[PDB]
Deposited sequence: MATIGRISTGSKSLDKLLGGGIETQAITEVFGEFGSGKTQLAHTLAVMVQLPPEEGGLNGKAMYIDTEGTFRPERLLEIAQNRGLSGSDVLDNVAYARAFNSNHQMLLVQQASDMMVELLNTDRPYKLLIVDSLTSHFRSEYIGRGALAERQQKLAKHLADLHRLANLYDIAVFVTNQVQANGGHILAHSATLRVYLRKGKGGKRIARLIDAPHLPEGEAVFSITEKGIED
């Protein structure tokens, strides 16, 4: 029973070994709290052998706001003693321009995953960065709200089905600001915040069975570290 290491030993302990397959892990926080950095690191980590904290897997990265950085991936990979070429090849990138496209990409994801399912290097990670931004900007005023929840609930149900069918970890980011409220399902929720300079603090939010707590981690050349 394998898990995906975050690159941080303290964060992994908080998560029971790392982020799980057949589950939706959400990281939520303000802008600059390291949600995208954690997503980039996991996209590299998944490719690693189990002994190095990975699952010899492929990753898919759905980018809704234009935050994906292939150069950052090359940097993380090189700093972890890996081929930069192979890392970029093993991260399937999809730029989502609206909520409809974002939802459709979850079927496209299914198609590419069923094909690699029984192979040596299957998909093991799906990143949605960020899960709710398109739902927040598109459904304007009352009268758009019932449909906004209907669409979001359907999108999360598609992600859950995908995680269970293909034994993949679904890692999602969500910008929750101190000052819109988009209720949705997640297996695990983690609150992220700054942070003593480059230090980030992670807190488990109503995690079932896992003991309550916090983990401190850094944003380095290696992505995420203790």
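Visitor: Counting from residue 1 of the deposited sequence, where are the gaps with no C-alpha coordinates?
Guide: Unmodelled stretches, in sequence order: 1-3, 183-184.
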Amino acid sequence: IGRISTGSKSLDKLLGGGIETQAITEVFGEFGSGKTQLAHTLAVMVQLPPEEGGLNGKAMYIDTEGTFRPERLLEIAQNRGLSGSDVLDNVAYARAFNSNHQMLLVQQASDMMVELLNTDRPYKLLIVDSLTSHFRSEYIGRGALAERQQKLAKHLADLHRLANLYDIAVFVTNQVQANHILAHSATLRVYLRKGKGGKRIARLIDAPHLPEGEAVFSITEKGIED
From here on, numbers count along this sequence of modelled residues.
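Visitor: Could you settle it for me: does 25-33 or 192-200 have the higher average Cα B factor in the PDB entry?
Guide: Per the PDB entry, the higher value belongs to 192-200.
Visitor: Where do the C-alpha atoms have the higher mean temperature factor in this entry, in 66-74 or in 157-165?
Guide: Comparing 66-74 with 157-165, the higher average CA B-factor belongs to 66-74.
Visitor: Hey, out of 115, 129, 147, 86, whose CA B-factor is highest in the deposited coordinates?
Guide: The C-alpha B-factor peaks, among 115, 129, 147, 86, at 86.
Visitor: When you compare the CA B-factors of 82, 109, 92, 140 as listed in the entry, which one comes out on top?
Guide: Each of 82, 109, 92, 140 was compared by C-alpha B-factor; the highest is 82.
Visitor: Where does residue 180 sit by CA temperature factor within its chain: lowest, middle or highest third?
Guide: Top third by C-alpha B-factor.
Visitor: Should residue 124 be placed in the lowest, middle or highest third of its chain by the C-alpha B factor in the entry?
Guide: It belongs to the lowest third of the chain when residues are ordered by C-alpha B-factor.
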